[PDB]
Each structure stands twice: as structure tokens, then as C-alpha cells.
Amino acid sequence: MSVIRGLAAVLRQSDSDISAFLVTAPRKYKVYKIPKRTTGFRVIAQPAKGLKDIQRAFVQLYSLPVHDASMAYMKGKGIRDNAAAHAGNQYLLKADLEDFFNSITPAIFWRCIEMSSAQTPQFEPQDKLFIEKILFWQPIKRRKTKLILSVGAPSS
DNA sequence: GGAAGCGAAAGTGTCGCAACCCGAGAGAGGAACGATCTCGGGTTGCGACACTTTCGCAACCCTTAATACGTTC
């Protein structure tokens with residue numbers, strides 16, 4: 001059963017319960033606005049508690065490769081290390097990506113899985129739909145194809 | 001992604017003005033018939049402008065969030 005079997009073994013729940021939960025999982029999100037520091041608002045989609053636990057279990061079960069140049073969302077590394085990497089230099093080229101989190105789609109995720117140069121955990125073709133439902137958020141109720149990563153989630 | 005309003009941008013029709021044409025008419029001259037200038041419609045071309053269509057800004061935040069204190073995405 002692969003992914004669902006491991007999720008059941010971690011959450012101490014039946015396969016049927018998790019499978020029934022992972023039907024509208026891309027839709028079980030609570031969206032809200034936080035105030036910007038100067039003016040305006042920022043919209044965040046946060047999943048429900050059960051989906052949050054499912055995402056945490058999925059993240060801890062499968063270890064995707066990460067690079068040493070990345071400094072966000074890893075243990076023992078953070079703002080201080082990122083700043084100290086360029087501390088001794090003379091010139092910098094800070095640059096940003098346009099709408100980073102909402103531009104990531106399941107197509108991108110599956111393209112990156114297959115061609116990754118490092119070790120990648122093996123996902124059976126039967127559970128790819130469950131992977132997409134677990135990891136990705138679905139804005140717009142009518143559109144079931146639009147699946148994007150949500151900035152702010154245990155798995156994003 | 002995109003309510004509801006609204007306005008930008010671009011394309012298309014329209015409608016009034018000018019410019020000209022053409023027939024009617026009173027009657028200059030000088031001895032009659034009708035030159036010549038004007039009146040009244042009528043047609044066409046043209047360009048400014050009104051009207052028409054499409055696009056795009058960005059409400060809300062969906063059932064579904066957490067709430068020691070601070071930076072960062």
C-alpha cells in the first residue's frame with residue numbers, strides 16, 4: 001500500500017480512514033490574511049489539523065534531498081548562517097524569485113523527482129494521486145486541476 | 001482567480017460641413033432676346049467625434065488557523 005500503509009503505521013489509524021480523508025485534502029485549507037508591516041495584507045492557506053498531521057508524517061517518512069546552499073527550513077541553520085556566508089566579501093547580488101511557493105505545481109514536483117541527481121525515494125505510480133492530494137493545495141473550488149503549494153504548511 | 005464599478009485602448013459608423021453642380025429666374029445691354037448673377041435643391045467627400053467592444057484592476061477568502069517573546073521566508 002506503500003505511502004498510505006506508512007501513513008497508517010505512523011498515525012495509528014486505519015487505511016480506510018486516511019484514504020477517505022485524502023479525497024478533498026487539497027481543499028481542506030483555511031485561508032486568512034495577516035497584516036503587512038508597512039501596509040496591505042498577505043493571504044495564507046493553512047490546512048486543517050488532520051491534514052497538518054498527515055503532512056508532517058509524510059515529510060518525516062520520506063527524506064527528499066536538499067543542497068548545502070539552501071539555508072531555510074533546516075535544523076541548525078537559519079538567518080545567522082545565511083548572513084555569515086556572505087559576511088566576509090565586498091559585493092552582493094541579492095535576487096528573488098517571482099511567486100515562489102504558488103508557482104510550484106505537481107507537474108514540477110514529478111519532473112524534479114525523476115531527474116534528481118541525488119537519491120530520491122521510490123513512489124509507486126498507484127500512490128502518485130495520493131501524494132498530490134497530500135502535498136498540494138487547491139484554490140478555486142470549481143477548478144480541480146489548479147494545484148499549487150501553499151506558503152505556510154508542514155510540507156511546503 | 002476575479003464581484004462590481006469603471007475607465008483605457010482600439011475599432012467602426014455617422015453625421016454635419018464644405019465644395020461643387022445644375023436647373024430656374026429676373027432681366028443688362030440697347031433695341032431684340034436673353035448676359036449674368038443669384039436661389040433653391042441635390043450630391044459627394046471627408047474628418048471629427050460619438051458609439052461599440054474588449055481588457056483589466058482586484059472585493060471576498062471559501063467549513064477547514066493558532067494565539068509565550070523576537071527576527072527570516
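These values consider heavy atoms only, across backbone and side chains, with no hydrogens, waters or symmetry-generated copies. Residue numbers start from 1 in every chain, and the chains themselves are labelled A, B, ... in the order their sequence lines are given, proteins ahead of strands.
- In this structure, A/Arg142 reaches the sugar-phosphate backbone alone: every heavy-atom distance under 4.0 Å involves primed, P, OP1 or OP2 atoms, never a base.
- Contact between A/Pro139 and A/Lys146 at its shortest, heavy atoms only, is CD-O, 3.9 Å.
- A positive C1'-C2'-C3'-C4' dihedral is found for the sugar of B/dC60, placing it in the north range.
- In B/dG5 the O4'-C1'-N dihedral to the base is within 90° of 0, which defines a syn nucleotide.
- Think of A/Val66 as one node in a network of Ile, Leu, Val, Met, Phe, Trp and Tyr side chains linked at under 4.5 Å; its network also takes in A/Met74.
- Contact of the A/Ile131 side chain with the A/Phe58 side chain is registered, since non-hydrogen atoms from C-beta on lie closer than 4.5 Å.
- A positive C1'-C2'-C3'-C4' angle places the sugar of B/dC61 in the north (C3'-endo) family.
- With respect to the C1'-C2'-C3'-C4' torsion, B/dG11 shows a south sugar, the value lying on the negative side.
- Residues near A/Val59 contribute nothing to a hydrophobic cluster around it, because no ILVMFWY side-chain heavy atom sits closer than 4.5 Å to its side chain.
- Contacts classified as side-chain hydrogen bond (donor to acceptor under 3.5 Å, both in side chains) and involving residues 74-93 of chain A (residues at least two apart or in different chains) are not found.
- Look at the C1' atom in both B/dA35 and B/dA26: the space between them is 12 Å, to the nearest Å.
- Its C1'-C2'-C3'-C4' torsion being positive, the sugar of B/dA68 is assigned to the north family.
- Note: CD1 (A/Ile34) to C1' (B/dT67) measures 14 Å, nearest angstrom.
- Comparing B/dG25 with B/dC33, their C1' atoms are spaced 15 Å from each other, to the whole Å.
- Judged as a side chain to side chain donor-acceptor pair (under 3.5 Å), and not counting sequence neighbours, A/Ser103 has no contacts.
- The same atom, P, is picked in B/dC62 and in B/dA8; the two are 35 Å apart, to the nearest Å.
- Hydrophobic cluster membership of A/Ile140, counting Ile, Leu, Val, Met, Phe, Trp and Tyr whose side-chain heavy atoms lie under 4.5 Å apart directly or via other members: none, as it forms a cluster of its own.
- Within the structure, the side-chain hydrogen bond (donor to acceptor under 3.5 Å, both in side chains) test picks out the following pairs touching residues 110-120 of chain A (sequence neighbours left out): A/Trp110-A/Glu132, A/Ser116-A/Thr120.
- Counting to the nearest Å, the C1' atom of B/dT64 and the NZ atom of A/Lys133 are 15 Å from each other.
- Judged by ring centres under 5.5 angstrom apart and ring planes under 30 degrees, B/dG25 stacks on its strand neighbour B/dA26.
- Sugar pucker of B/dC69: north, as indicated by a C1'-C2'-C3'-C4' torsion of positive sign.
- Regarding A/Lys49, its NZ atom lies at a distance of 8 Å from the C1' atom of B/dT64, rounded to whole Å.
- Against the 90° criterion about 0, the sugar-base torsion of B/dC6 places it in the anti range.
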Protein-nucleic acid N or O pairs under 3.5 Å, nucleotides 59-63 of chain B:
unit_1: B/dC61; atom_1: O3'; unit_2: A/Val31; atom_2: O; d: 3.4
unit_1: B/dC62; atom_1: OP2; unit_2: A/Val31; atom_2: N; d: 3.2
unit_1: B/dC62; atom_1: OP2; unit_2: A/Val31; atom_2: O; d: 2.9
unit_1: B/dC62; atom_1: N3; unit_2: A/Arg27; atom_2: NH2; d: 3.2

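- The separation of B/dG1 from B/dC60, taken at their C1' atoms, amounts to 11 Å, rounded to a whole angstrom.
- For A/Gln55 and B/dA65, the CD to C1' distance is 13 Å, given to the nearest whole Å.
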Taking N or O atoms only and anything under 3.5 Å, show me the protein contacts with nucleotides 69-73 of chain B, one pair per line.
unit_1: B/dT71; atom_1: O5'; unit_2: A/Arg37; atom_2: NH2; d: 3.3
unit_1: B/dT72; atom_1: OP2; unit_2: A/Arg37; atom_2: NH1; d: 2.2
unit_1: B/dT72; atom_1: OP2; unit_2: A/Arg37; atom_2: NH2; d: 3.3
unit_1: B/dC73; atom_1: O2; unit_2: A/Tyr73; atom_2: OH; d: 2.7

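- Considering only residues two or more places apart in sequence or on other chains, A/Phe101 meets the ring-ring contact (aromatic ring centres under 6.0 Å, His included) condition with none of them.
- The side-chain hydrogen bond (donor to acceptor under 3.5 Å, both in side chains) pairs that include a residue from residues 29-43 of chain A are A/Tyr29-A/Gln55, A/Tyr32-A/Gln46, where partners are two or more places apart or lie in different chains.
- Glycosidic torsion of B/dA32 falls within 90° of 0, placing the base in syn.
- Secondary structure note: stems in DNA chain B built from 3 or more consecutive Watson-Crick or G-U wobble pairs under 3.5 Å occupy B:6-26 with B:36-56.
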For residues 4-17 of chain A, please give each side-chain donor-acceptor pair under 3.5 Å, one per line with the distance, not counting sequence neighbours.
unit_1: A/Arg5; atom_1: NH1; unit_2: A/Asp15; atom_2: OD2; d: 3.2
unit_1: A/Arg12; atom_1: NH1; unit_2: A/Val10; atom_2: O; d: 2.7
unit_1: A/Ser14; atom_1: OG; unit_2: A/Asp17; atom_2: N; d: 3.1

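- Whole-Å rounding puts the A/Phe41 CZ to B/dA58 P distance at 15 Å.
- Taking all atoms of both residues into account, the shortest heavy-atom contact from A/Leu51 to A/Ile134 is CD1-O, 4.1 Å.
- Hydrophobic clustering keeps A/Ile108 apart from A/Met115 (ILVMFWY residues linked when any side-chain heavy atoms are closer than 4.5 Å, directly or through intermediates).
- Glycosidic conformation of B/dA48 is anti; the angle lies outside 90° of 0.
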